[PDB]
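Worksheet: the structure to be examined is printed underneath.
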Amino acid sequence: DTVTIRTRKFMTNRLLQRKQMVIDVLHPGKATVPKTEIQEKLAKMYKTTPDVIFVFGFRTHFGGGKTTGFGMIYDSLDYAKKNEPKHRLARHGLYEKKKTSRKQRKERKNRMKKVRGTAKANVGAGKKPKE
Amino acid sequence: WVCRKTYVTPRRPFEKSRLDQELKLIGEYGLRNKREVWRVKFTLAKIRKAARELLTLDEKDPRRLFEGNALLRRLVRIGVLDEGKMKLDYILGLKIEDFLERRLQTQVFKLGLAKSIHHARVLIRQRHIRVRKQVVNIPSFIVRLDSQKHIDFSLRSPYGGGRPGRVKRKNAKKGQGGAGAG
Amino acid sequence: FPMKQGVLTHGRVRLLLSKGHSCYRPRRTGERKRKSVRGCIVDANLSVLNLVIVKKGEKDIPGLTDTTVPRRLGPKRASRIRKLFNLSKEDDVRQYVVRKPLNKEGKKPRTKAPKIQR
Amino acid sequence: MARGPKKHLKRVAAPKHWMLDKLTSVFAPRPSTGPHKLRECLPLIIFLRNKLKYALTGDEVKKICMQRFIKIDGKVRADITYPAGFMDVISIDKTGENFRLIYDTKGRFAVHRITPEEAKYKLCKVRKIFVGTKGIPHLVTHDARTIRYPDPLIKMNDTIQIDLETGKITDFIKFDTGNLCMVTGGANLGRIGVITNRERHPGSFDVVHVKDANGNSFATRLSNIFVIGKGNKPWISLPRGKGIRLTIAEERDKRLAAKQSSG
Amino acid sequence: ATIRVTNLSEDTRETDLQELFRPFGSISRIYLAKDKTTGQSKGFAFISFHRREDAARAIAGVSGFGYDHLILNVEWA
Amino acid sequence: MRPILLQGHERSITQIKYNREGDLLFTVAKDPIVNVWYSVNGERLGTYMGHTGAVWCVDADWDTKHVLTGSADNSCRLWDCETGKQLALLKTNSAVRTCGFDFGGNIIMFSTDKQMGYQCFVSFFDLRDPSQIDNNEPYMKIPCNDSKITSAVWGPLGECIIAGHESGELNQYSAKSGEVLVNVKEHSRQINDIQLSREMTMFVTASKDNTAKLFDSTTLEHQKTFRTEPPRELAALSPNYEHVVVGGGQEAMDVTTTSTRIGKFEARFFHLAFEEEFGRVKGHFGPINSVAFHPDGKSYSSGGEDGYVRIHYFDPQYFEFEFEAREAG
Amino acid sequence: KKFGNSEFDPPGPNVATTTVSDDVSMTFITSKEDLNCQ
RNA sequence: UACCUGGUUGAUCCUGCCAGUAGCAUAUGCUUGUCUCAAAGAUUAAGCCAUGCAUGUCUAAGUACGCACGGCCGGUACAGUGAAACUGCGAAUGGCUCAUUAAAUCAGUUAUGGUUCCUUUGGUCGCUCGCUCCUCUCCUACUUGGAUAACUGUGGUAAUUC
RNA sequence: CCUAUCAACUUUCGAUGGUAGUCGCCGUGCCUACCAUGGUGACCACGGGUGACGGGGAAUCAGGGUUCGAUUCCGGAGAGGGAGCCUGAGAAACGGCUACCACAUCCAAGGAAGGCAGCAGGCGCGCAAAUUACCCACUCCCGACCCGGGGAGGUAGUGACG
């Protein structure tokens, strides 16, 4: 309600093909309308659709009535996918990282050391203990 | 990283006359305890030592000039010191009171919605004012000159205007549950 | 205890073994392991003697001479193929190459020859 | 122990003038091996994402570099922590902007856009001028570029316009009294000025009396003086903060006056 | 090492020995043979020191030292 | 079937016995605690702590109010089942080598070895309950024949003793004063176990000469022979179907640093009337030392040298399937 | 535990829960062994 | 914040130490609501150690004959992708702890004209200057020689990253 | 830094120097021949002691001073103790090796494999000090590399040091 997105520190970034900016959202008394709302709202300003817009940061300001965050708008989805930090993709789901996770890989790596050749053998050796 | 105390403990623990003096300051300026008084004692002693050092430096010396002016400017910004005086000699003459008087609590007394040096502190701590459009919850604060021109009710205390919390609504339901009988 | 060349005697000794020697397998560069190795001259305490027939006689033994296990890997060097047909290296190897089909590798069969170097 | 050289450098142990933070990050970028020494260098990353702010992760920095849109000294780099130094030109080919690094007299590396005309060449002072093997002469510049068959009248502390299109010497400027210099390092960091007199002392360490534009006079060691061209004839412009020398009082007056007066 | 102690009383337990053998270095553990069918502390104990120096020092001193009006006997286990 | 693993013993199992109300499993090991487990839901009922040494054998009465234990500490104890407290101790001058309830449950046999203070014989203790305390005490000793007995069990109607011998003899005793009625020589190594059928006319034998035999009680002929490649440490007849379940012995074991992934010791099911294997059920990590059957045959339990007890829950599918050749005839 | 399994925890699934599956599949016919071995 | 005050006696003035007193750094006692910052197995055993894990690595691009997977696309060597293995590099760095050592370590200031240095960055990349051209005959240049892995098969060992 | 209840010390297994050579990445008594008889001390040497790592730094003091520094950073040193070595530009390396010594482990008795002063954890010790957790997204490091791996490091938990 009664937001307005005011863009400090605007950057035309031609070499990562994106408009990079701070998002300053005034509110009447309660800090922060949704991240999804902000991407939609911003989307019709620069006319790029919200699906090439990512928004991150965000931290409510005491006594309400403001929230400063950060946004990026990619000219195309290809550009977004190519600068691409995993956490940014994660933030509103559409890709998340590995879920193997971690100690499975370490066990596997220790199995490979034992013998020379025979890939499949070491997989099966890692797989029998669950313990 | 690094941390430091903001108060100082004197070398005599019982010194009756001084204890009375400190209690009087607490009464006058609405403070929590002796630690509040000690907090100002620590700051004031450092200011006087700063001043005294500068004053024994040679005149027309970059270090004395630059840091002198800075010390003066800071003390005038917070309205402790006046710039019709404005040198080292006068800074020495300042005392504990002069700081306390420029606090947020004592301004909230002098204008606005406090009735006492009691009331004021509780009002600040319960977020009844904004200094500008910015809530301040700390009564020991020290406001600057042009920050005393913007002390006013908050929009998160719902008298003086603001969204209903649950304390206004509590009073409403002493008329609709106290006197509504349900 | 594995046998190797040059240990000699009928005894068993532990020798410090380095790369390019039998009875040791590398596990880090500059690493050498002192391992037991069994004399090159046979006693009788062997679990298995590895014997190789070099000349056959005239009379078959079932699982070795009757039965036959081939191998599919041909030469990947140019000139061993060239030598075997006496065909000039001014005209390279030329189609004679040992290509083996691997059937149903995808949903179709392949025919693969190694990618010759030299 | 200590069985060999470190491949890491911690932050809060890196040189001040790179303008990194205190303890909020536990590792500094660290320069790669290259033509300049690591103290005086400015890793590519600090320029790219801390001054020009094109990345907010390290993941992005690697991805930027692999585009190969960045040439440094006319040649195509892809190193994440390139050891750029004094009068090294960075060429962004995607935007047509050439930036060179030259000290403020504050002591902070300047973001100093230059025209692509001035990014054709850079002036490099000779460090040694070497009679090489089989009687072929070479000059060697500070930035470790060896150019064979150099002009046959040159002598030590001359500057040399190196060209970055084609390499090699593209004339030279002779070392003489009153030449422009920028005094680099020490307590005289980023000051510009003439010479006046170079005092010579036999044996190690010879000091060069410099007079700056303001008329403040000082000496420094010859090592700390870098010759940047011919007297009263710049070939690149002065950077921000004067680049000469300014007092802490004057500097405060500028800081307060310009702020809340722009926008 | 491990040292054996003998001529313990039934009024001498692990706790009474624990403070006794601290001037000869810190004990790692004190095992004490108990049988509750007959008596309490049988008469033999096995004190285990962590370090070889500390163990030997004990054997030397404690043998001839009185504790609860008896001459304790200590010797290598 | 689905087997699950019950852990609560840290030492090799020595004897498993079901009660006759089919809802408790008693298991004992070389631990100074016995464990009692539900065999209908797998929850632990409790433990019996108070033993000073290894308890070799446990057995539960018909009522399910008393358990009796045989000890190598030279005692027989009566424990009150429903409080977990020992209610009577009798000191014995010899260890208990075998214990077995009679089918009327008011007498129990304890086998007292040739060595120690008591001589070779199967002593019979009357279980007489005056008041709330069941009292055990002997009033007969049946003297052994031949070489020393190793095992003993009750033959038909509990009026005979069938005994297994160190020599490898199976002897029949007319149990009221002894002695030999008939005997057969049919094993050349120690008979480890002999338990009786539920039709009370045949019994099953186990021996470390790797034979298990289905044996006629009253004639002492081998009816059927079950030959296993590993030795057999115990054998039981499994009701609910006409199989026998045998379990043992030594097979390859090569690491002592892993004991949770060397599962390769099985209990074998043989069909009683055809001598044909109907299953091998792996899961044990060391030799099976004891096999015990549920009195309704809806579970069987095997105890391992690994030191754990697996309780096995049959499904309807198991009871209804059988090898084709046996069905045909 | 000092002794038994009736202290400190009570008997039950306080002392009969495992962190590794001990439940395995067997056939109901005769190929119980073959299923494990493969 | 440049301070002292209490105790020798009948009383008094001195010499004097003792005790009080504040800082602080650990320990410990007792108590403890909300907000932020974080030092933390040094002392004493640089004692001893179960288990888990802390260094690995592929670009269109050194080297694919996977039991691979997928193709129509097949011969000159032919595949797109690719477990593996060889090759090259890291593994000396990192992290940890302060036992050891008294001009030793180390700090600051100097040196290597006394020496070694992968890599990166910049130069240096046809030739025997024709053996007074074997290199026009030394005529393999449209390119030489032959063996190991992974692989396939047989295996040994109570137990080994054998 | 402390010590004279340490006043003479250094070479017969070089102590100092000359000369020449062996040797070493390279200087050099580094080592060796021959030849000299030096070198050092009351300005504390020599010897002994040391919870003696060094610095940047820390705490308190009117000023003067006094006390602290294993401990977020820099240098050096060691990875159970000793000795030797391989690889590599760089290691006398314990998540390399080899021997012995002190410790510990498996064993079928023939053998075989090992080093938490790494991160967690346990035992011992004590007045004294935390999760057997989650993650490579950040910060950087390594590699053939944007792509992978990281108890580097981040993150939470424990936390009235403060």
Review point. Taking chain F as a Gaussian network, Cα atoms linked when under 10 Å apart, which of F:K148, F:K65, F:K208 shows the biggest mean-square fluctuation?
Key: F:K65
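Among the listed pairs A:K19/D:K16; A:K114/C:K33; A:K98/D:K71, which are separated by more than 27 Å between their Cα atoms?
Working: A:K19/D:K16 32 Å; A:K114/C:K33 16 Å; A:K98/D:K71 35 Å.
Result: A:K19/D:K16; A:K98/D:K71 exceed 27 Å.
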Review point. By the scheme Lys and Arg +1, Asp and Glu -1, what is the net charge of all other residues having a beta-carbon under 14 Å from that of D:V131?
Key: +4
Review point. Sorted from largest down, what three extents in whole angstroms do the Cα atoms of chain E have along their principal axes?
Key: 37, 22, 20
**Study point:** Binned Cα-Cα distance frequencies in region D:122-172 - 5 Å width, integer %
**Key:** 5, 23, 37, 23, 10, 2
Check your understanding: If the cut-off is 20 Å between C-alpha atoms, which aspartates and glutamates fall inside it for A:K30, apart from same-chain ones fewer than 8 positions away?
Key -> A:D1, A:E40, B:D152
Study note, to complete from the structure: Taking region D:175-245, the equivalent ellipsoid from its C-alpha gyration tensor has semi-axes in Å, biggest first, of 20, 13, 10
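Run the count for region F:96-248, please: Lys pairs, Cα-Cα under 14 angstrom, 8 or more apart or on different chains. Walk me through the intermediate numbers first.
On the way: F:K114/F:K141; F:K114/F:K148; F:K141/F:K176; F:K185/F:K213; F:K213/F:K224.
The number of close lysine pairs in region F:96-248 is 5.
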Point to revise | Sequence of B:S140, A:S76 once ranked by neighbouring C-beta atoms within 10 Å, starting from the fewest | key: A:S76, B:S140
Point to revise | Between region F:283-312 and region C:1-34, the Cα center-to-center distance that results, in Å | key: 48 Å
Check your understanding: In whole Å and largest first, what semi-axes does the C-alpha gyration tensor of region D:2-117 yield when each eigenvalue is scaled by 5 and square-rooted?
Key -> 23, 17, 15
Check your understanding: Using alpha-carbon positions, what is the distance between the centroids of region F:136-213 and region D:129-198, in Å?
Key -> 113 Å
Practice item. Output ³J(HN,Hα) for region C:50-56: one whole-Hz value per residue in order, computed from phi by the Karplus curve 6.51 cos²θ - 1.76 cosθ + 1.60 with θ = phi - 60°, and x for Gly and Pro. Key: 9, 10, 10, 5, 10, 10, 7
Practice item. Report, ordered by chain and residue number, the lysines lying within cross-link reach of E:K34, taken as a straight Cα distance under 16 Å and ignoring same-chain residues fewer than 8 apart. Key: E:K42
Review point. How large is log10 I(q)/I(0) at q = 0.11, 0.12, 0.18, 0.19 Å⁻¹ when the Debye formula is applied to the Cα atoms of region F:53-209, each weighted equally and without solvent?
Key: -0.41, -0.49, -1.09, -1.21
Review point. What's the center-to-center distance, using Cα atoms, between region B:17-45 and region D:91-116 in Å?
Key: 56 Å
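Counting helices only, and only those DSSP H runs with n ≥ 4, report the 222 nm mean residue ellipticity of chain F as the sum of -39,500 (n - 2.57) divided by its residues, in deg cm²/dmol to the nearest 500.
Details: 2 runs with 10 residues, N = 329.
-500 deg cm²/dmol, from helical runs alone.
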Point to revise | Binned Cα-Cα distances of chain B, short to long, each 10 Å bin given as a whole percent | key: 8, 27, 28, 21, 10, 4, 2, 1, 0
Review point. Tell me, what HN-Hα J-couplings in whole Hz come from the Karplus equation 6.51 cos²θ - 1.76 cosθ + 1.60 at θ = phi - 60° for each residue of region D:61-71, using x for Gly and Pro?
Key: 4, 4, 5, 4, 5, 5, 5, 6, 9, 10, 10
Point to revise | Most mobile listed residue (F:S302, F:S75, F:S238) in chain F, GNM with C-alpha springs under 10 Å | key: F:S75
Review point. Can you give the three extents of the C-alpha atoms in chain A along their principal axes, from longest to shortest, in whole Å?
Key: 65, 37, 21
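Taking a quarter of the surface of the convex hull around the Cα atoms of region D:136-214, what do you get in nm²? Show your work: numbers first, answer last.
On the way: hull surface 28.1 nm².
Directional mean of the projected Cα hull area for region D:136-214 stands at 7.0 nm².
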Check your understanding: Mind listing the Cα extents of the protein assembly as shown along all three principal axes, in Å, largest one first?
Key -> 134, 114, 83
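Work out the P(r) tail for region F:57-100: percent of alpha carbon pairs separated by more than 11 Å, whole number.
Numbers: 586 of 946 pairs.
In whole percent, the share of Cα-Cα pairs in region F:57-100 beyond 11 Å is 62.
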Point to revise | Normalised convex hull volume, chain F, alpha-carbon set, Å³ per residue | key: 132 Å³
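Taking only Cα atoms of region F:161-235, what ratio of Rg to Rh do you get with Rh as the Kirkwood inverse-distance radius?
Working: Rg = 11.7 Å, Rh = 12.3 Å.
Radius of gyration relative to Kirkwood radius: 0.95.
For the cross-link pairs C:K19/C:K55; D:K51/D:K259; D:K120/D:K242; A:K103/C:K104; D:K10/D:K128, which exceed 28 Å when the distance is taken from alpha carbon to alpha carbon? Before the final figure, lay out each step's value.
Numbers: C:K19/C:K55 33 Å; D:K51/D:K259 19 Å; D:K120/D:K242 25 Å; A:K103/C:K104 37 Å; D:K10/D:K128 34 Å.
With Cα atoms farther than 28 Å apart: C:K19/C:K55; A:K103/C:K104; D:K10/D:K128.
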Review point. Which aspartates and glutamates, on any chain, are close to A:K127 with Cα under 16 Å apart, when same-chain ones fewer than 8 places away are left out?
Key: A:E107, G:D22
Revision key, fill the gap. Per GNM of chain A with C-alpha springs under 10 angstrom, the most fluctuating residue out of A:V52, A:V115, A:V25 is A:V115
Review point. Based only on Cα atoms, what Rg/Rh ratio does chain D have, Rh being taken as Kirkwood's radius?
Key: 0.97
Review point. By counting other Cβ atoms within 10 Å of each Cβ, how are F:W37, F:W62, E:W76 ranked from fewest to most?
Key: E:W76, F:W62, F:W37
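All of the numbers you see were taken from the coordinates with simple rules; none came from a lab. Here Cβ is always computed from backbone atoms with ideal geometry, including for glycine, and neighbour counts include all displayed protein chains.
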